[PDB]
Structure formats: structure tokens, C-alpha cells
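Could you work out the structure for the sequence below:
(10 chains)
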Amino acid sequence: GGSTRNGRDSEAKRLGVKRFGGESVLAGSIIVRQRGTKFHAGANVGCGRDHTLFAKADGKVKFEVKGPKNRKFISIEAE
Amino acid sequence: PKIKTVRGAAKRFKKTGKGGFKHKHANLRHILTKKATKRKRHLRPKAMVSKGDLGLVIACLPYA
Amino acid sequence: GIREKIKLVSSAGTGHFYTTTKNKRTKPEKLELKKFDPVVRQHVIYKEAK
Amino acid sequence: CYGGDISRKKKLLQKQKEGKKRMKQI
Amino acid sequence: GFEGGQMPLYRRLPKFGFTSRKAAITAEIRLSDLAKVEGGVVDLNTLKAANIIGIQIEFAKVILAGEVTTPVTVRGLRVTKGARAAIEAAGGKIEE
RNA sequence: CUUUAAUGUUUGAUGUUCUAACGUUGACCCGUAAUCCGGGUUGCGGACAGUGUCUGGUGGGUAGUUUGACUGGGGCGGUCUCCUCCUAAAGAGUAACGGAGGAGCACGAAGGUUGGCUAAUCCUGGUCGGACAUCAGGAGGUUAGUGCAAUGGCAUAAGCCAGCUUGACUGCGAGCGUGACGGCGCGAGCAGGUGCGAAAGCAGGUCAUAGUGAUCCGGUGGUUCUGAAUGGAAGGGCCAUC
RNA sequence: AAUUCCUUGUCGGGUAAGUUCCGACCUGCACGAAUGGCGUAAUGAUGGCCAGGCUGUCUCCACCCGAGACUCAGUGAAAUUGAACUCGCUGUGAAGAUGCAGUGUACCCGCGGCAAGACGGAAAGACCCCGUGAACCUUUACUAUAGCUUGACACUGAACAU
RNA sequence: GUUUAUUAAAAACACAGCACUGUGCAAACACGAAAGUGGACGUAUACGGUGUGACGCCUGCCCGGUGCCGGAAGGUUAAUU
RNA sequence: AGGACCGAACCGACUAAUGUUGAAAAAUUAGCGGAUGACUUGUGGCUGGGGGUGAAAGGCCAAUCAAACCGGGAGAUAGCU
RNA sequence: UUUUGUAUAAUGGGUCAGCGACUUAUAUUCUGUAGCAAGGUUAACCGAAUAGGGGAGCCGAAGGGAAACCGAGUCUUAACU
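Numbering: from 1, shown residues only, chains lettered A, B, ... in the order given. And now the structure:
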């Protein structure tokens, strides 16, 4: 036995999403250990040190698909 | 007779212009070297007490 | 564990100091590096243990 | 008595067997 | 202030106190006064006889609380710039 | 300085004797037709003993208490915080003495940046040298690698090597995220000054998540803030910190 | 064996048959020499086992004599008690029914009786966990402490000596 | 012989005997802030405490652990200066 | 001669029967043990509640003892009923 | 009554009549109401006494800052866009 024990939250999930207001610098998609589950693309650079994403300007969130080998690349419609 | 202020509370709170109380942050007293600089820089400024805890400070300091 | 804690005194006459950590078992050499000094508002060399 | 505890019983059966290991070979 | 055996909110938070002592003896006036000072000359006292300040006090300040009309001679008080111009609007003397 | 002898001297230790302090539950006298007590004569003892204040040791002889929770009844065993995966039902979250495993750090470079680099494994040739050292060649395409457990990551490489380096900076920070709270997490940008690059631009620590401690109490360093009649000091504040 | 768990240890005696008894072996789970070892005539309202005698202990109860119980006269209580117009079986149900459903039986009420029930009456436990409950008791639980000792100064002096 | 009066009379307690150990007398010790008193109007053939428990044959080995006892060097040490 | 012997009064308490809202808040009936002694008893005396006393069971101290009875702190406190 | 749950075979009451459980004081906050309103208010006490006197004081009218200080601003900072 002794196989108990557990971690906790580490909330890691999309938050700012789709037609999100995308105000200023909200943490749209906060997934930990990311920079792979999603990527930079639009006016936002995102890329927190722990791969947290965030808007860099007001606008719609986008979720695209881009370069070779598919991938995700979150971006932002400008406004 | 007169209600007595919980003197520990008197030394840890101070009413402002609209019935708030503010309080100095925790984690600013020792073992500082292992903490990030940014954290400490965000702990120095005073901060107002939380909405959910305000009723306690209200109930502890009648003469606040 | 083993790794030590250390002061970083400014060469400048002001009393400012950074704080740091390093082993005694590993590298003997005492630290030398410049860093910004707020009282002087200028980068200046820092060294020393204790 | 029986009580229902597990270790409280296997000690007894252990004694009962441990004697038989001697008494057999003798 | 009790809340289970959890360490209480007025104990988690570090002390930052320091009474000034001096602060106890520095009351401040408002411009709506000294139309009532009577005699036309304000002082660290006088008002103290007008009971708009208190007895123990030494230092005092004017502060622009607003509305002064009749001329008044400020004297022996520290005063804010807005209050200074305010007393000037009354044509009030402002001596040190 | 020096090894230090001596007469000047300073105060100290034990040792002997002396008696006038002090003891006498030795003897006689009286108070007194009285074994208490006191005075008197006298024997012994003696500055020892005993009592006081302070002080080290010893002390269940006596006293006041403490001796955890979860718990498949309690005891015993076992765990108690922190990270990763499952259970967990395609938002988040979600329990069990449910299934697997880790941490109480490591590093001034394993940090910054500029330029450059491409793995394992397998096959054949080839000196000692072989199943497996280094070489060449071909397949193979990340089946490799990351300071460390496990997921998510990673070719613009976050993987490896080198040049120069201290941004592992100081003062703030629109916003959010996450919590009952105490808090924790992200972050453009701005101001100072600093490093790489020709320049664009990058850097407010490590690929990411574990590597931890509230308040009180104090110790150090800076600080005209306060300084109980004034002036200083004493602490106390304040920033930095153990 | 007052010690032996396994144990109804193995062998002998005693009994028609002996988990106890008496005798011996040693494989003494875990006897042992002043928290004494091994012996012991006498002594025991002591522990266990045997035998003669004797008996209603028993197979198996039987009859009789006295005091109660029973009937009559006079006094006359008690534990208990929500209220009752207070049945059996089968089943459901807070999970072991006089009360509910279904079914069966059952004219109204005493007296002597017997104790299966009314989770019958009597002790708000003698057991268990809990309570940051008390009590006492133990020790190398913590902090004190009476007492016993330690040294300084005080009551406390004089000469002399290395 | 004695014990749990009011569920336990014993294989418990006591005992003479043995041993250790303390105490030289103003004893050790005990009751007491102290005075005093018991010990005892007694004195090591006496008195306290502890263990064992007539008599008979006996009473093994270990002083590391714990206490007690005996040690004039040394290390460490409070009050005071 | 004797903590000798059998056994009444005298003290004791082993067995069984009753009794169990009893006659009795510990007794009766039939037996049993000690009975010249470490006996039995009348009368007064003293030891005091964290103390007494104890041929030691944690027993006994006014029908109650792992800390008596009465009064005071006292409306102790009670996360419990 | 207590429980997830009781005709429960879970606790409590034999019945009737009486007594029997959210108060008192000083503070503090909110609400309701009435008085005056940028001001509101008296406390001890004097007193022909529920009058009247008594503004010492309390509260509101300006805050920010640890603090000096500053003040419709202020603190933070060499400095705020």
C-alpha cells in the first residue's frame, strides 16, 4: 500500500476564448507546460515564461491553424 | 462597561477615508533571499482588507 | 543543505548590498560581478562573502 | 473466545502447527 | 476574532505601528471659523478660548475648508497655499 | 622582549597556637521547699561549630499539568506539507486506509546574447581493439536529448559547442488568472542605468510545473522619521536583511 | 510443576473405561539458588486424587407430622403506571407487533395456578469509543519545590608560620 | 495467630531465625518553622531501616549497565571579584 | 511445664439452608474455629483529612474512603443532555 | 424529544391543581421615529428641584503618510505619462 498522495489544481485551461472580448492583456489560454498545445500568432505575442498566453491588444480571440505539421497558433482579430 | 479594543488588532489595522482598514502584507520579515524580487516589490505597498473578512475587523474594533 | 548564503557589498561608499547563495565545497573563488546600485543609480562592482 | 480479529487467531493456529512440527518428527 | 483553531486574521498580519506623540497636540482650524473668533486676530490660543480647537494644542493650520468673506488677520499659524490666497481674498493680513 | 632571583611593597592561601565573641542536653551556687528558664563560680570546646542573604548540586519525599488527529469500534501498523499521471464522466472543479511515483534541491553558470551545430540505434569496411573504445561509409528520422519524478512540451530547436558577458537589474505597472481568506501566478509597457548584435530586437534567472514556514521575538547594516523641560543620547519607527 | 503455549506430551500404576491423580524420562515454548533452591515429622474450617463405612445425592420417588398457600371476620401496604374497547398465524415496517394489511378463531366476568411474552419492574451501567472531563498512582514525562549538602559575606577576634 | 466490618480467611500478613546496612550518644532517625519530645531515663551483646521467613543439606558465575562507597593529580565549572 | 490437649460461658466467621419490597440496611437455624493467651472485656485518656491508623486488604476513622463531615469561594465550569 | 428515518419494542410524563426557562446594567452598531440641522449635545453639579443654570467634554464638518510634514489632495519614486 502507501500508494496515496496527490497534486492539486494547477488550473491550466483555455479561458479567454473564441469571441472573447480580448481586452488589453487577458490570459486567454493559461495552460502550463504549453507552448505546444497552443502558439503565438496575432498581434499578441503571448508566451509567458510558463508558456501562459495573453492578448497584447484589444480584439477578438481567433484560434487558427498554420504551418507545416499542422499546429494551433492562437491569434487575435484586430479592433 | 466600555467595550475594549483587541489591542493586537489596533496595531495591525487603521481606518481610512471610507471605512476600510488596510493591512501590511505577510511575507516581508525574513527568509527574503530565496523569494523573487518582484514578489517583495509587490508586497511593500499597503492593501485594503478583503470583503469577506471585513466583518471581523468591524467586530473587533468598536473604537476604531 | 551545504549551499551557503552570502552578502554582496558595493565597492561604492553606500551601504547597499545584494544577497546570494553558493557552495564552499565546489568553487573556492570569491565572487566578482557588477550590478545596479539604486542609491548611486549606477552599476558598480560587487564582491565579498559573509 | 473468537472476537473476529485476524491476528488474534493466527497466533493460536501458529502455535497449534508449531507443536505438530516437533511432535511429528519425534 | 476567534475562528476555529486557525491562526486569527489580526495575527497573520504584521505590525507596522508607531505613535507620533506630537500628533496629539496639533489641531487644525477651518475657514468657516475665525468669523467667530471675535476680535479680528487669530492665534494658537484665542480660538482655544473660542473652543474650536482644544486646550492642550500648540501647532495649528488653516486649510481651505472654504468660505471666508469678512477680513481677518491670520497670525502665528501655519497655513496652506490655498488658504493663504483665500485669506488674501478677504484682504486679510498674513503676518508671521 | 626575555629566564627570572631579591630586598621595598600589594593583597592571597592553607598550618599552628592563643580567648575575649560564640556553644555546652559537664559540675557546683542562688533565684527556689523547682531536672523548665535566668544570673553567678567553674570545666571543656572555640573563632571551629550554628543561624541569615545570595549560590551550585541533589530531590517523585511533595505539588501543578501535558501525553495529537484521520481511523471502516478503539489499540497496534500506517499516513499528516509539497509536485506529476490515473480514478475525474472531452470547461473548471470533484472523495476514499483508491492505483502509480517524486521533492525538503542543483547552478555564477547549467544565467544573458550573438554566431554555429544535429541525435539514438543498426549494418559494412578498418591497427592492437573484442558483442560494446575511437575512424569512414550507408541506412534510419528524434525510436535521442533536457542537472532530477511524471505528464505537456521542444527542429525558429527549450537539444549540444563556442565568443563576449552580468537583465539572476532598481523604481512602477494597464490588465487579468486563481483562491473563503492569509496569498499565490502572468504580463505588455514606462523611468533609470547595464550586456549582446552591424542593425532590427532580445534579457526583470534557469523548458514548463515540486525544491517549503504565517505572526511574534530578536541580531546586523542603512535611514534626521520620532527623541516624555530644551540639546543629545537610550530605545522605537522605516528600508534592507539573518 | 501454582511455571508446559503446542498438550488429552510420551511410558508405567490405579478404573469395565482416568483431559484430574501418583510415578519417571528431559524436547526446561518462558524453573534456579535470600523478589532464596531442594528436602521436611508435626500443624491446616487450605488445593487435588483414592478407599472402607454410611446414607433419598440418584435410578424414582412415596407416605405422614407441623408453619405458610386456600375459605371466613377485622386492620391493611409496595415497585409500577401516556392513554386502552389489551387475540393467533402470514407479511410489511426503525429491519424481533395486542395496535398496520390479509386471514383464522373468539358469549360477559371472577378464583386457584404455571411463568413463554408484554424488548416485564428494579440500578440513567460493571462493559466500548468519545469529552482538548476529574481523580488518584508510577517513573530517566516537563517546570517547580520541602529537605539534604556546596561556596561567598555577615555574627567573627589576636599572634605566628611556611 | 491476623486481615478485605457489609460477597474474598488464603498458597496473603505476621513470626522466631538469618543477612545486609546506618548510628559513639546532644546518637541514626522520626514529629515539629522553632522550642522541645519520642529513640531512651537506653549506648554497638544497644537502636533504626531493608530483604528473606523454623529446622536440615546448601547459598554458583558476571561490577559492563544503575546506585551506593572510596579516591588531594587533571577537564569542566555558580555565587563573589 | 506449654502462643499444650477435648470442650461450655466468652471472642470469632468456614459450609448450607432460608431470608432478598426480610424479624434484621449482614441476621436467623444446624454444624464449625480459638478458648492460659500474638487472649477477652468495662471504664477514661491521646493521635485529624493529602493527615491519622494500618500482623498491609488501599483497609478503617460515626451505616460513605484511590482521600471524611459541615460551612465559604459558589449561580465553579459543562464544545454535553 | 432526538434523528437520514419512529405506532415503534428509542428517551420522557400516573393524573389534576399551583410555581417554573431569553432578563438586568454600561457600552457599540444598524433599523424605525421625533427634535435641530452644518452644526448636534450635555455629563458631574448649583437649584424655589422632571424647570433653569453648567459646552469641561463628546460627535460630525478633509483627508493622505510609519512620521515629521503636507494638504483638495497626498503617499509611493531620482520622476510620474
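
Next, the contact list for the spatially most central residue of chain E, please.
Taking CA atoms, centre = their mean, the centroid of chain E lies closest to residue E:28, which sits 0.9 Å from it. Taking CB atoms under 8 Å, 6 or more residues apart in numbering or on different chains as the criterion, residue E:28 is in contact with E:60, E:61, E:62, E:63. Where C-beta positions appear, they are placed from N, C-alpha and C, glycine not excepted.

now do 10 Å
Shown in contact with residue E:28 (CB atoms under 10 Å, 6 or more residues apart in numbering or on different chains): E:53, E:57, E:59, E:60, E:61, E:62, E:63, E:65, E:77, E:78, E:80.

Pull out the buried residues from these.
Neighbour-count burial (16 or more other CB atoms under 10 Å in any protein chain shown) applied to the contacts of residue E:28 gives E:53, E:57, E:60, E:62, E:63, E:77.

any idea which of these is the one closest to RNA strand G?
residue E:57 (48.3 Å; CB to the nearest atom of the strand).

just to revisit the earlier point, would a markdown table of the buried ones among the contacts of residue E:28 with distance to RNA strand F and secondary structure be doable?
Formatted as a markdown table, the buried ones among the contacts of residue E:28 follow (distance: CB to the nearest atom of the strand, whole Å; DSSP: H, G, I helix; E, B strand; the rest coil):
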| residue | distance to RNA strand F | secondary structure |
| --- | --- | --- |
| E:53 | 20 | coil |
| E:57 | 15 | coil |
| E:60 | 17 | coil |
| E:62 | 21 | coil |
| E:63 | 20 | coil |
| E:77 | 19 | coil |
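
Can you say which of these are also within reach of RNA strand J?
When those are checked against RNA strand J using CB under 7 Å from any atom of the strand, the ones in range are residue E:63.

Show me which residues of chain B sit near RNA strand F.
Checking chain B against RNA strand F by CB under 7 Å from any atom of the strand, the hits are B:23, B:25-45, B:47, B:49-53.

rerun at 6 Å
B:25-34, B:36-41, B:43-44, B:50-53 (CB under 6 Å from any atom of the strand).

Same check on chain C?
Near RNA strand F, when you scan chain C using CB under 6 Å from any atom of the strand, you find C:1-3, C:5, C:15, C:17, C:19-20, C:22-23, C:26-27, C:31, C:33-36, C:38, C:41-43.

same deal with chain E?
So chain E meets RNA strand F at E:7, E:9, E:11, E:12, E:13, E:14, E:15, E:16, E:18, E:21, E:22 (CB under 6 Å from any atom of the strand).

Taking these, please make a ChimeraX selection of just the buried ones.
To isolate the buried members of the residues of chain E next to RNA strand F in ChimeraX, using 16+ other CB under 10 Å:
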select /E:9,13
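
Could you dump the buried ones among the contacts of residue E:28 into JSON lines with distance to residue A:41 added?
Formatted as JSON lines, those follow (distance: CB to CB, whole Å):
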{"residue": "E:53", "distance to residue A:41": "68"}
{"residue": "E:57", "distance to residue A:41": "67"}
{"residue": "E:60", "distance to residue A:41": "65"}
{"residue": "E:62", "distance to residue A:41": "62"}
{"residue": "E:63", "distance to residue A:41": "57"}
{"residue": "E:77", "distance to residue A:41": "66"}
